[PDB]
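These notes concern the structure reproduced below.
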Amino acid sequence: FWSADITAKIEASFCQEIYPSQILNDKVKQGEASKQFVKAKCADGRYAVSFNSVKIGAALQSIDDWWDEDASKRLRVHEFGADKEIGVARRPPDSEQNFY
Amino acid sequence: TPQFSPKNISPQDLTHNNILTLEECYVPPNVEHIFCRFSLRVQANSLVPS
Amino acid sequence: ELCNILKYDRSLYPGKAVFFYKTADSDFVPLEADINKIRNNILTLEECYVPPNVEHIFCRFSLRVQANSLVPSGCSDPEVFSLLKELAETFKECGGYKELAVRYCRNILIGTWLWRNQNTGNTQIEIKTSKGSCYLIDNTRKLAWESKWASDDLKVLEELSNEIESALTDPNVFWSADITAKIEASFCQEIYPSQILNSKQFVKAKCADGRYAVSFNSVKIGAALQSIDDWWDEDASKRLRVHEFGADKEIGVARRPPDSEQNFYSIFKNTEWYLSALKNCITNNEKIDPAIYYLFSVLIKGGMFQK
Amino acid sequence: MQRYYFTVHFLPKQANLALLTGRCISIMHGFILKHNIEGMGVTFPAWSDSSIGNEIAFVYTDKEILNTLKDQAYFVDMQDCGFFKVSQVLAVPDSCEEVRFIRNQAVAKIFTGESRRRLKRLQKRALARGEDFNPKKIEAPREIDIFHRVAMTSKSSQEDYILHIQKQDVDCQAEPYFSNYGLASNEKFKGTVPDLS
RNA sequence: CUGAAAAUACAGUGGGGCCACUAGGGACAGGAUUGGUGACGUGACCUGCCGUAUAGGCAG
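Protein chains in written order, with the working numbering: chain P, 1 to 100; chain X, 101 to 150; chain E, 151 to 457; chain F, 458 to 654.
Written as C-alpha cells, this is what we have:
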C-alpha cells in the first residue's frame, strides 16, 4: 500500500495570473459567467481553485515517444496516439503501431 | 465569407465589442509563494485483467 | 492555404497593476475606493482619490515575457508549420524582434500604461529585472515617442529593449520585470483605475488582510504596452493597439478593413512571398517591410485565428 | 387660508426634466426676490422613484400673485412654442395628503469634489488654530435614500450646480416656511405642500 | 325574394354493503475543454460659509 503527498511551491510574481482546470459551458445563459474554474469546496465554506484528477493523470502519463525512433515529443498514452496540437493520430488504425 | 470575400455590414460595427463574463484567478498582492498539492496512490492493477 | 486549428500563445504577460501609497509604519497601504449606496435594489456609487496627507502614490505591476511567437501552439498542416518556423527564424536572424522590443519598451518608459493618470504629476518609473538590473527614468513628463531623449534614458531604452528582445527570441531563458511608477499627487487628486461594465464600481485586488485595492485589468496594461501600430498609413495620427483589422476604440472604425489588403489575413496569405523578401533582406542596409512588423506584432499579441 | 396652485406640464417625451424643472424654479426664485413674497411652495405631482415627473406645481395662499406668476414671459413663450401645458389657478381639494420635498445637502458628500473642498477648509482651520491636520475616515459605507437632480445656475457667480431633492411623507399641514427655492431644507425650513396626481 | 313563412320538451329521483400485493437482488470499467480580449473623458453633482469635528447644518 503506497501513497505520496506531492506539493509544488512557486515563487509568484506581483498579482500573477493562475491557470487551473476550466469547466465546459457550450450551454450558456448570459446571467452567470460562461468560462468557470474547477473548485474544491473547503470545510470552512470557501472554494479553492483546483485541477481535475484526470488533468493531473494526463500529465504523469505524457511518456509515449515510442511511435518513432527519432520522435522527441511525448504524447499522452492513448490507444491511437492522438496528438491534438497538430491534429493527427500518430498510431493510426491502418498502421501496426495502435494498441489493438 | 467562407472563401475570403468581405460581406458588407456597418463600418462602425467592426470596432464594436463583445461583453465577456469570465472568472479570473490572481495571486493576492505581496504573497511571495503559491502552493499546489495533490496526493498520488499506486496499485498493482496491470498484472491481471479486472 | 489557411489551416483548421492554427493558434498562437501571447508573448507579453503583464499582471494586475495595483495602486498603493507608503507611510512611516507600512510600505504597502492599499488605495481603497469610497463606497456609497442608495435606497432593496441598492445602487453602489464608488469614488477614488488620494488621502489628504499622502504626497506620492504608486502604480506597480510585473511583466514576464515568454518566446511564444516562433512556432504556432497548434496546427493541422505540416508545411505551414515548417514555413512559419523558418519565417520566424528568418525574421529573428534579420533582427526585427529588436525593433518590436524597442517600441514595447518605450511605452513602459513614457507611462502609457498609466492611462488617464499619465503626466498628472512628476512621475518617475523604477524597473527591476529578474537579471538584477535596476533602471530609473526620473521624470516621465519630459519624454514622448517623437521627442529625442537624453543619453541616460536612451541607455535605459537600449538595455531594457535588449533584455526584452533576448526574452522574446530565446525559449531557454525565463525573464521577468517589476515596474513601479511614483506620481506626485496634488491635494486629494482623483484617480482613474479600471471600472466594471455591468452604478459605478472599480476593479479591486483583495489583499491578504482583507482590504480591496483599486487597480487596472492586466488586459488594459497589455493594451497600453501593445499600442505601437502606426504602420497602417505613412502619416498615422496615433498608434493603435495591435488588432487583426486595426480597430480604433476611441473613433470606432477599422483602419485595416476586411475590404483592404492591410488587414492581418490578407498579409498572412503572402507569407511565402514575405519569406523570399526577408531572405533578400538578409546580408542587406535594407529596412524590413512594415506588413511583416504588423504581422509579427499580431503574432506577439497571439490569437486563435482562422479558425 | 385656501391654498391655490397651478401646474406646468412638459409635453415633449425627449425633454431633460432636471433642466426644465431648474428653469421653472429659477424663474419662481427671481419673481419671489423681485416681489418680496414669503410662503411660496413647490410640489412635484408626478413624482416617481424612477424620476421626477413632467409636472411641477407652485402652491401659495394668494390667487392674484399666482395669476401674475402664470403671466411671466418664459411660461407663455414655451406655451406658444407648444412644449408647456400651464393649468389655470385652481383651489386645492383641501382634504388631506401633505408631503415635504427637501433639498438634502448631505447627498453632495458622495462626490469627490465635496470631500476635496471640505478637507481644504478643515486643513486651513486646523492650521489657523495651530494643531496638526489629521482627519480620520468612516468605517460604514454612506447610506442615502433615493434623490432626484434639479440643475441650477448661479447668475451671480456664473456657476452650474445641482439640487439633490428628496420626498418625505407627513401626516397633516405645518406652517408655510420654505427656502428661496420653496424647498423645505429638513431642519431650518419645515414647510409642507399638498400631494397632487 | 333563401327546401320559402310560423314554432316553449318538459315535470320527479338515495348505488350501496365487504376486502393484506407479496417474497429475492452489486451498474461497472477509461477519460487534458483550449487558444485571444482597453467601460467610458460632449460631462451637470460646482464655489463658499458655520462648526473642535471627512459628525451635523447652511447660501447662490
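Where a beta carbon is used, it is the ideal one built from N, C-alpha and C, also for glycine.
Asked, Found
"Counted within 10 angstroms of its Cβ, other Cβ atoms place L579 of chain F as buried (16 or more) or exposed", "exposed"
"Coarse secondary structure for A4 of chain P, derived from DSSP in three states", "strand"
"is_contact[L195 of chain E, chain F] using C-beta, thresh 9 Å", "yes"
"Within chain E, the residues that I134 of chain X reaches when beta carbons sit closer than 9 Å", "In chain order: nothing, as chain E lies at least about 12 Å away."
"Neighbourhood of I601 of chain F by C-beta, 7 Å cutoff - its chain only, sequence neighbours within 5 removed", "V564, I567"
"Proximal residues, the stretch 171-195 of chain E versus chain F, C-beta separation under 7 Å", "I185, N186, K187, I188, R189, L195"
"Under the three-state DSSP convention, the category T273 of chain E falls into", "coil"
"Buried versus exposed call for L526 of chain F [16 or more other C-beta atoms within 10 Å across all chains shown]", "buried"
"Element boundaries [alpha helix (DSSP H), containing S426 of chain E]", "421-431"
"Spatial distance of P128 of chain X from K429 of chain E (CA atoms)", "48 Å"
"Nearest candidate by alpha-carbon position, reference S21 of chain P, set P:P92, P:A59, P:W2", "P:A59"
"Close-in-space but distant-in-sequence residues of the same chain around residue 656 of chain F (CB under 7 Å, 5 per side omitted)", "Nothing in the structure corresponds to residue 656 of chain F, since chain F is present only between 458 and 654."
"Three-way DSSP call (helix, strand, coil) for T525 of chain F in this model", "helix"
"Under 8 Å from the C-beta of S614 of chain F: neighbouring residues of chain E", "Result: empty, since nearest Cβ-Cβ is about 22 Å, beyond 8 Å."
"Outcome for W295 of chain E when other beta-carbon atoms lying within 10 angstroms are tallied against a minimum of 16", "exposed"
"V142 of chain X burial status per 10 Å Cβ neighbour count (16 or more: buried)", "exposed"
"With 16 other Cβ atoms within 10 Å as the buried cut-off, status of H116 of chain X", "exposed"
"Three-state secondary structure assigned by DSSP to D70 of chain P", "coil"
"Alpha carbon of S326 of chain E to alpha carbon of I417 of chain E, nearest angstrom", "32 Å"
"C-alpha distance - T101 of chain X paired with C153 of chain E, whole-angstrom precision", "16 Å"
"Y163 of chain E - containing beta strand (DSSP E), residue span", "162-164"
"Within-9 Å CB hit, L147 of chain X to chain P", "no"
"Beta carbon of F135 of chain X nearer than 9 Å to that of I10 of chain P", "yes"
"Pairwise C-alpha distance: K594 of chain F and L181 of chain E", "13 Å"
"Which listed residue (F:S505, F:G498, F:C481, F:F590) has its alpha carbon closest to that of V533 of chain F", "F:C481"
"Beta-ladder partner(s) of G224 of chain E, from DSSP", "E:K157"
"N-terminal and C-terminal residue of the beta strand (DSSP E) that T101 of chain X is part of", "Per DSSP, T101 of chain X belongs to no beta strand (DSSP E) and is neither H nor E."
"Interface flag, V306 of chain E vs chain X, CB-CB below 9 Å", "no"
"Integer Cβ distance of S368 of chain E from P164 of chain E, believed to fall under 8 Å", "5 Å"
"Touching by the beta-carbon criterion (3+ pairs, under 8 Å), the stretch 350-362 of chain E and the stretch 175-194 of chain E", "yes"
"Residues in the stretch 337-353 of chain E having any Cβ partner in chain F nearer than 8 Å", "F337, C338, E340"
"Cross-strand partners of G498 of chain F (DSSP beta bridge)", "F:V516"
"Under 8 Å from the C-beta of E11 of chain P: neighbouring residues of chain X", "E132, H133"
"Positions along the stretch 36-70 of chain P whose CB lies within less than 7 Å of some CB in chain X", "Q36, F37, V49, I56"
"Contact the stretch 238-250 of chain E vs the stretch 299-308 of chain E: 3+ CB pairs below 8 Å", "no"
"Three-state secondary structure assigned by DSSP to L347 of chain E", "coil"
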